[PDB]
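Novice: structure-v1.pdb is the file, holding PDB, C-alpha atoms:
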ATOM      1  CA  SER A   1       3.550 -13.723   3.675  1.00  0.00           C
ATOM      2  CA  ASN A   2       1.083 -10.941   2.880  1.00  0.00           C
ATOM      3  CA  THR A   3      -2.584 -11.248   1.928  1.00  0.00           C
ATOM      4  CA  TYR A   4      -1.968 -10.929  -1.799  1.00  0.00           C
ATOM      5  CA  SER A   5       0.344 -13.721  -2.514  1.00  0.00           C
ATOM      6  CA  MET A   6       0.402 -16.069  -5.455  1.00  0.00           C
ATOM      7  CA  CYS A   7      -2.546 -18.382  -5.689  1.00  0.00           C
ATOM      8  CA  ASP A   8      -1.908 -22.100  -6.060  1.00  0.00           C
ATOM      9  CA  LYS A   9      -1.930 -22.928  -9.738  1.00  0.00           C
ATOM     10  CA  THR A  10      -3.659 -26.239  -9.136  1.00  0.00           C
ATOM     11  CA  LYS A  11      -6.512 -24.712  -7.096  1.00  0.00           C
ATOM     12  CA  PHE A  12      -8.161 -22.815  -9.949  1.00  0.00           C
ATOM     13  CA  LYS A  13     -11.558 -23.610 -11.447  1.00  0.00           C
ATOM     14  CA  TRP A  14     -13.421 -22.140 -14.379  1.00  0.00           C
ATOM     15  CA  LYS A  15     -16.146 -19.638 -13.657  1.00  0.00           C
ATOM     16  CA  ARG A  16     -16.483 -17.942 -17.013  1.00  0.00           C
ATOM     17  CA  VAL A  17     -14.745 -19.166 -20.136  1.00  0.00           C
ATOM     18  CA  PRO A  18     -12.640 -16.772 -22.270  1.00  0.00           C
ATOM     19  CA  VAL A  19     -14.781 -14.726 -24.647  1.00  0.00           C
ATOM     20  CA  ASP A  20     -14.812 -11.263 -26.234  1.00  0.00           C
ATOM     21  CA  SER A  21     -17.553  -9.132 -24.762  1.00  0.00           C
ATOM     22  CA  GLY A  22     -17.306  -6.962 -27.833  1.00  0.00           C
ATOM     23  CA  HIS A  23     -14.135  -4.964 -27.349  1.00  0.00           C
ATOM     24  CA  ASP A  24     -11.605  -7.253 -29.027  1.00  0.00           C
ATOM     25  CA  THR A  25     -10.458  -8.580 -25.697  1.00  0.00           C
ATOM     26  CA  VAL A  26     -10.674 -11.976 -24.163  1.00  0.00           C
ATOM     27  CA  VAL A  27     -12.437 -12.011 -20.830  1.00  0.00           C
ATOM     28  CA  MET A  28     -12.613 -14.942 -18.461  1.00  0.00           C
ATOM     29  CA  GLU A  29     -13.388 -15.476 -14.822  1.00  0.00           C
ATOM     30  CA  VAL A  30     -11.718 -17.953 -12.607  1.00  0.00           C
ATOM     31  CA  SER A  31     -12.511 -19.167  -9.142  1.00  0.00           C
ATOM     32  CA  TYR A  32     -10.078 -20.308  -6.451  1.00  0.00           C
ATOM     33  CA  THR A  33     -10.723 -22.818  -3.674  1.00  0.00           C
ATOM     34  CA  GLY A  34      -7.402 -22.455  -1.883  1.00  0.00           C
ATOM     35  CA  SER A  35      -6.453 -20.341   1.112  1.00  0.00           C
ATOM     36  CA  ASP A  36      -4.557 -16.996   1.237  1.00  0.00           C
ATOM     37  CA  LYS A  37      -7.405 -15.146  -0.443  1.00  0.00           C
ATOM     38  CA  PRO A  38      -7.629 -12.615  -1.875  1.00  0.00           C
ATOM     39  CA  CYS A  39      -4.519 -13.509  -3.879  1.00  0.00           C
ATOM     40  CA  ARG A  40      -2.754 -12.862  -7.248  1.00  0.00           C
ATOM     41  CA  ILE A  41      -3.581 -15.101 -10.242  1.00  0.00           C
ATOM     42  CA  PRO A  42      -0.825 -16.765 -12.322  1.00  0.00           C
ATOM     43  CA  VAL A  43      -1.874 -16.160 -15.924  1.00  0.00           C
ATOM     44  CA  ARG A  44      -0.074 -16.852 -19.241  1.00  0.00           C
ATOM     45  CA  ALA A  45      -0.889 -17.664 -22.898  1.00  0.00           C
ATOM     46  CA  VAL A  46       0.862 -19.017 -25.990  1.00  0.00           C
ATOM     47  CA  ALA A  47       0.193 -19.359 -29.695  1.00  0.00           C
ATOM     48  CA  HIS A  48       0.312 -22.533 -31.786  1.00  0.00           C
ATOM     49  CA  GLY A  49       3.941 -23.087 -32.620  1.00  0.00           C
ATOM     50  CA  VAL A  50       5.071 -20.479 -30.095  1.00  0.00           C
ATOM     51  CA  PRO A  51       5.662 -22.198 -26.722  1.00  0.00           C
ATOM     52  CA  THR A  52       8.443 -20.058 -25.327  1.00  0.00           C
ATOM     53  CA  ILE A  53       6.873 -16.650 -25.789  1.00  0.00           C
ATOM     54  CA  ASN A  54       4.031 -15.416 -23.593  1.00  0.00           C
ATOM     55  CA  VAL A  55       1.601 -14.021 -26.105  1.00  0.00           C
ATOM     56  CA  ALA A  56      -0.907 -12.953 -23.435  1.00  0.00           C
ATOM     57  CA  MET A  57      -1.322  -9.206 -23.827  1.00  0.00           C
ATOM     58  CA  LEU A  58      -2.735  -8.716 -20.401  1.00  0.00           C
ATOM     59  CA  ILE A  59      -5.010  -5.701 -19.970  1.00  0.00           C
ATOM     60  CA  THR A  60      -4.975  -6.125 -16.228  1.00  0.00           C
ATOM     61  CA  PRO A  61      -1.309  -6.272 -15.065  1.00  0.00           C
ATOM     62  CA  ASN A  62      -2.368  -7.821 -11.786  1.00  0.00           C
ATOM     63  CA  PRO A  63      -5.211 -10.401 -11.927  1.00  0.00           C
ATOM     64  CA  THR A  64      -6.598 -11.259  -8.497  1.00  0.00           C
ATOM     65  CA  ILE A  65      -8.892 -13.703  -6.729  1.00  0.00           C
ATOM     66  CA  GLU A  66     -11.427 -12.345  -4.281  1.00  0.00           C
ATOM     67  CA  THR A  67     -12.968 -14.272  -1.382  1.00  0.00           C
ATOM     68  CA  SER A  68     -14.608 -16.785  -3.771  1.00  0.00           C
ATOM     69  CA  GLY A  69     -12.844 -15.818  -6.940  1.00  0.00           C
ATOM     70  CA  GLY A  70     -14.472 -13.776  -9.632  1.00  0.00           C
ATOM     71  CA  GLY A  71     -11.112 -13.244 -11.219  1.00  0.00           C
ATOM     72  CA  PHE A  72     -12.003 -11.292 -14.277  1.00  0.00           C
ATOM     73  CA  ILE A  73      -9.088 -11.308 -16.689  1.00  0.00           C
ATOM     74  CA  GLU A  74      -8.826  -9.477 -20.026  1.00  0.00           C
ATOM     75  CA  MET A  75      -6.182 -10.303 -22.530  1.00  0.00           C
ATOM     76  CA  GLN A  76      -5.652  -9.607 -26.155  1.00  0.00           C
ATOM     77  CA  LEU A  77      -4.289 -12.322 -28.370  1.00  0.00           C
ATOM     78  CA  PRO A  78      -3.019 -12.569 -31.967  1.00  0.00           C
ATOM     79  CA  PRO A  79      -5.527 -13.960 -34.519  1.00  0.00           C
ATOM     80  CA  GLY A  80      -5.370 -17.697 -34.879  1.00  0.00           C
ATOM     81  CA  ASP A  81      -5.472 -20.498 -32.365  1.00  0.00           C
ATOM     82  CA  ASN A  82      -3.938 -19.676 -29.000  1.00  0.00           C
ATOM     83  CA  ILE A  83      -3.562 -21.557 -25.743  1.00  0.00           C
ATOM     84  CA  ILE A  84      -4.444 -19.759 -22.518  1.00  0.00           C
ATOM     85  CA  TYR A  85      -3.235 -21.114 -19.187  1.00  0.00           C
ATOM     86  CA  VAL A  86      -4.520 -20.106 -15.779  1.00  0.00           C
ATOM     87  CA  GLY A  87      -2.675 -21.813 -12.997  1.00  0.00           C
ATOM     88  CA  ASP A  88      -2.520 -25.443 -14.113  1.00  0.00           C
ATOM     89  CA  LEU A  89      -5.613 -24.928 -16.283  1.00  0.00           C
ATOM     90  CA  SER A  90      -5.535 -24.918 -20.056  1.00  0.00           C
ATOM     91  CA  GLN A  91      -8.072 -23.390 -22.441  1.00  0.00           C
ATOM     92  CA  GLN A  92      -7.580 -22.635 -26.130  1.00  0.00           C
ATOM     93  CA  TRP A  93      -8.866 -19.498 -27.808  1.00  0.00           C
ATOM     94  CA  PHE A  94      -9.432 -18.949 -31.488  1.00  0.00           C
ATOM     95  CA  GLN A  95      -9.036 -15.297 -32.351  1.00  0.00           C
ATOM     96  CA  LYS A  96     -10.376 -13.801 -35.542  1.00  0.00           C
ATOM     97  CA  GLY A  97      -8.706 -11.111 -37.582  1.00  0.00           C
ATOM     98  CA  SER A  98      -5.739 -10.771 -39.868  1.00  0.00           C
ATOM     99  CA  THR A  99      -2.635 -12.867 -39.379  1.00  0.00           C
ATOM    100  CA  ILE A 100       0.128 -14.396 -41.460  1.00  0.00           C
ATOM    101  CA  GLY A 101      -0.724 -17.951 -42.361  1.00  0.00           C
ATOM    102  CA  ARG A 102       2.256 -18.955 -44.459  1.00  0.00           C
TER     103      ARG A 102
END
Before anything else, please render the file you have as structure tokens.
Specialist:
Amino acid sequence: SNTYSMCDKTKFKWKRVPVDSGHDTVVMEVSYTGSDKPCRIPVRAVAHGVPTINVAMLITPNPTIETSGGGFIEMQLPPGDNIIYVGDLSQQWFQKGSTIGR
């Protein structure tokens, strides 16, 4: 395998929780304690009621983990309550804006 392989989903830890710096994007940082670093981060997100569609509009098409991590990931999500998954990790994000309620 090459240096940038897929990082183990279960070896991720939260460094910085998802938050909008001020550019309508969700930024988070994740650390990785496994080997094969630097490596590519498995990232995905869903909305409430939408489990089968990856709603994660990923700004960075290739999230990566450096020597200790520092995996800065930006994604844009539909307004409402969304679920962001990094590896085996789960973290919900509430996005503000305009969306169809009912």
Novice: A:55, A:30, A:82, A:101: which is nearest residue 70 in chain A, counting only C-alpha atoms?
Specialist: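 Among the listed residues, A:30 lies closest to residue 70 in chain A.
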Novice: For the PyMOL selection byres ((chain A and resi 67-69) around 10), applied here, can you spell out every residue it catches as an NGL selection string?
Specialist: :A and (12-15 or 29-39 or 41 or 64-66 or 70-72)
Novice: Take the PyMOL selection byres ((chain A and resi 54) around 12), run it mentally on this structure, and tell me the resulting residues as a PDB file with C-alpha atoms, keeping the file's coordinate frame.
Specialist:
ATOM      1  CA  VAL A  43      -1.874 -16.160 -15.924  1.00  0.00           C
ATOM      2  CA  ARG A  44      -0.074 -16.852 -19.241  1.00  0.00           C
ATOM      3  CA  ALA A  45      -0.889 -17.664 -22.898  1.00  0.00           C
ATOM      4  CA  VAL A  46       0.862 -19.017 -25.990  1.00  0.00           C
ATOM      5  CA  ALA A  47       0.193 -19.359 -29.695  1.00  0.00           C
ATOM      6  CA  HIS A  48       0.312 -22.533 -31.786  1.00  0.00           C
ATOM      7  CA  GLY A  49       3.941 -23.087 -32.620  1.00  0.00           C
ATOM      8  CA  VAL A  50       5.071 -20.479 -30.095  1.00  0.00           C
ATOM      9  CA  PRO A  51       5.662 -22.198 -26.722  1.00  0.00           C
ATOM     10  CA  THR A  52       8.443 -20.058 -25.327  1.00  0.00           C
ATOM     11  CA  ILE A  53       6.873 -16.650 -25.789  1.00  0.00           C
ATOM     12  CA  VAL A  55       1.601 -14.021 -26.105  1.00  0.00           C
ATOM     13  CA  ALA A  56      -0.907 -12.953 -23.435  1.00  0.00           C
ATOM     14  CA  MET A  57      -1.322  -9.206 -23.827  1.00  0.00           C
ATOM     15  CA  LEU A  58      -2.735  -8.716 -20.401  1.00  0.00           C
ATOM     16  CA  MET A  75      -6.182 -10.303 -22.530  1.00  0.00           C
ATOM     17  CA  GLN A  76      -5.652  -9.607 -26.155  1.00  0.00           C
ATOM     18  CA  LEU A  77      -4.289 -12.322 -28.370  1.00  0.00           C
ATOM     19  CA  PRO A  78      -3.019 -12.569 -31.967  1.00  0.00           C
ATOM     20  CA  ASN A  82      -3.938 -19.676 -29.000  1.00  0.00           C
ATOM     21  CA  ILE A  83      -3.562 -21.557 -25.743  1.00  0.00           C
ATOM     22  CA  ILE A  84      -4.444 -19.759 -22.518  1.00  0.00           C
ATOM     23  CA  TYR A  85      -3.235 -21.114 -19.187  1.00  0.00           C
TER      24      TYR A  85
END
Novice: Which of these, A:63, A:102, A:18, A:40, has the shortest distance to residue 2 in chain A once you count only C-alpha atoms?
Specialist: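 Smallest distance to residue 2 in chain A is found for A:40.
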Novice: Neighbours of residue 87 in chain A within 6 Å (all atoms listed in the file; same-chain residues fewer than 5 positions away dropped), as a VMD selection string?
Specialist: chain A and resid 9 to 10 42
Novice: Measure the distance from CA of residue 22 in chain A to CA of residue 88 in chain A in Å and round it to one decimal.
Specialist: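 Computed distance, CA of residue 22 in chain A to CA of residue 88 in chain A, equals 27.4 Å.
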Novice: To verify the selection step, state as JSON, numbers by chain which residues the PyMOL selection byres ((chain A and resi 94-98) around 6) yields on this input.
Specialist: {"A": [79, 80, 81, 93, 99]}
Novice: For residue 60 in chain A, which residue among A:27, A:86, A:17, A:100 is the nearest when counting all atoms listed in the file?
Specialist: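 That would be A:27, the residue with the smallest distance to residue 60 in chain A.
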Novice: Using the file's own x, y and z axes, so that the box edges lie along x, y and z, what centre and edge lengths in Å (one decimal) does a box around every listed atom of range 62-75 of chain A get when 6 Å is added on each side? Give it as JSON.
Specialist:
{"center_x": -8.5, "center_y": -12.3, "center_z": -12.0, "size_x": 24.2, "size_y": 21.0, "size_z": 33.1}
Novice: What is the CA of residue 21 in chain A-CA of residue 59 in chain A distance in Å, reported with one decimal?
Specialist: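 Result for CA of residue 21 in chain A versus CA of residue 59 in chain A: 13.9 Å, one decimal.
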Novice: How far is it from CA of residue 16 in chain A to CA of residue 90 in chain A, in Å with one decimal?
Specialist: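 For CA of residue 16 in chain A relative to CA of residue 90 in chain A, the distance reads 13.3 Å.
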